[PDB]
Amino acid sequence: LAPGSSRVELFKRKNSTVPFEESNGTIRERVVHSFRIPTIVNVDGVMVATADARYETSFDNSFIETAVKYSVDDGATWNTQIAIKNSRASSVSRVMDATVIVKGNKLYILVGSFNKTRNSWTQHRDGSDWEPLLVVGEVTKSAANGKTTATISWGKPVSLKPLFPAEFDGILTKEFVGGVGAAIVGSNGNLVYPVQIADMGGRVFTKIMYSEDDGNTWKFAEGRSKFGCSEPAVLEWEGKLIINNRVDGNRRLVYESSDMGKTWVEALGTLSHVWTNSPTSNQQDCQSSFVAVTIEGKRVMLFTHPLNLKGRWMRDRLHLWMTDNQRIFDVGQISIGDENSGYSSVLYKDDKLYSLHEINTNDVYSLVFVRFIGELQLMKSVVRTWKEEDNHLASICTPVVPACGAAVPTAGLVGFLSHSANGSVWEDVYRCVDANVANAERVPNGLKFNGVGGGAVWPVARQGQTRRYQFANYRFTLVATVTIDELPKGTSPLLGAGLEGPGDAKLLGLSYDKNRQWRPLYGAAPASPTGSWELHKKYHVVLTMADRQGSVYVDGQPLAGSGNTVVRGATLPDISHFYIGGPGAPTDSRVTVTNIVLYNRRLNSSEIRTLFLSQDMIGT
């Protein structure tokens, strides 16, 4: 966990007590084997932590009730209750998997309820022992002489089953549950719940169940995920709802929707497929928290997920990520060493960052309450860097084009390599994904390469487990200022996006040859000379790839062949990295490149001219 940060075993396995109330009223303090499925929120000043209180064993299909522990002193002190009771219909009756919403001084909890099944939910024969329960709680935060206090009265639970269609587009429905963890209140005031639906047969999938009348009605919105998507999380971004899904056996799928879920678009230019369940991505996946907060004047999203280096359900190394839907920063591990963590929750309150997440030892589970001093600190530092640079760049008077000129483009400006560097790392100005460097010597705002393999590699698939530049495969705009320093024996590489796989494939890219012509590479079509360039002279290159199409620009003008289809078929390309210069063959590209900019969209033509018109102004 960050140096400075700390934690406390808030819901301690086999130690902590919950007031279990017997059939006939008596209430007894009772030990609880494992506490799993945490969520901690902030109802009007009073901290609320909800969880599965699994009395006898950690297994899903045993006896479970929803416990809370709220507080009015930022964790100094804590009270404990049992928010929802199970039916008590057998020795496995349970309510679980709370998905929580907070509006005003009310808490709307949504849990799955089962009576006697001993197998898990997707494999049930019908939905007859399952019920979707809605429960509301109200925080009453009265005080007393320099000492606030508070109560939470919980209401009888209400079943949502009569409002669940038997059919979705002809998909027979079996059962549903909320996504797990915190959901939200829409900026339009709706109560929105991401929910996971199992059909008759075990296919699972995701949807938005919302309320525009504070709890009284619920509507199942038109759109859905792909099959294999479960435990969705949700937040609102620039008028849109963004739904991050858990995906067993594959990479995490992300969808955006602008109509409260009526239509879903897969977020291929931003967050989809970036995150995953294990280095090899074929393991069971794991719940995540995905929360919109404002830090240092700026709205970012916050995302938690373990690396699972150990695999299966160990869920070691919980991580924390922060993104503005453009850049993605890895804050670090919020958990200690090789401990096995699990489902987590993050909460920003009165300028303090916190977490409530699982720890697992021999499958007996605890919930730790963590204080993110370190992380927050680091988080502000980079939000400061994003604002700081966005604004700078957005404040450069670029030249007026014969019709101050249009702004330097910063929207979806993902990364940028300028002046800061050394012999083996060109650093990202937006502090997220640096460049790996070789045989280079510094020049203002960039590197002059010279030597076998001199160039730089901006990891794309080579990034590894988490793939933060996953976007390039859908669209990108790669920009750079260059000169050719020495003529090439034949043809050498200048700037590109090269393909994972055997051989030496490139998606789109540009090279120069012995004749002083440019050789743009458009997918697998063979390079063919075009134009003229003059050693030493400064050129503005921009490579552009969208709609499976590519274009290359020199001096704001597109070279011949631009627009050529660059990849065939439905699968997205798997870009390995972007190359600057000439990072098998002993490639010695003798060039100097400076100020490389990266965008998650296809900049436009006037946008490209803005950059061409202002490249001697963007540098750090």
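The first residue of the sequence shown is number 1, and the count goes up from there.
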#### Entry: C404 preceded by how many uncoordinated deposited residues after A403
4 to 9
### Between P583 and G584 - deposited residues without coordinates, as a size class
1 to 3
### Query
Mean CA B-factor: is it higher for 141 to 149 or for 372 to 380?
141 to 149
### Mean C-alpha temperature factor, higher of 454 to 462 and 120 to 128
120 to 128
### Query
So among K69, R590, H577, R36, who wins on Cα B-factor in the entry?
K69
### Task
Determine which member of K161, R431, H536, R299 has the highest CA B-factor, using the values in the deposited entry.
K161
#### Entry: Entry-reported Cα temperature factor of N439, expressed as the chain third it lands in
lowest
### Task
Pull the Cα B-factor of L353 out of the PDB entry and bin it into the chain's lowest, middle or highest third.
middle
### Message
Ranking the modelled residues of this chain by C-alpha B-factor as given in the entry, is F11 in the lowest, middle or highest third?
### Response
highest
### Message
Based on the deposited C-alpha B factors for this chain, I'd like to know if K207 is in the lowest, middle or highest third.
### Response
middle
### Message
Is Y108 in the lowest, middle or highest third of its chain when residues are ranked by C-alpha B-factor?
### Response
middle
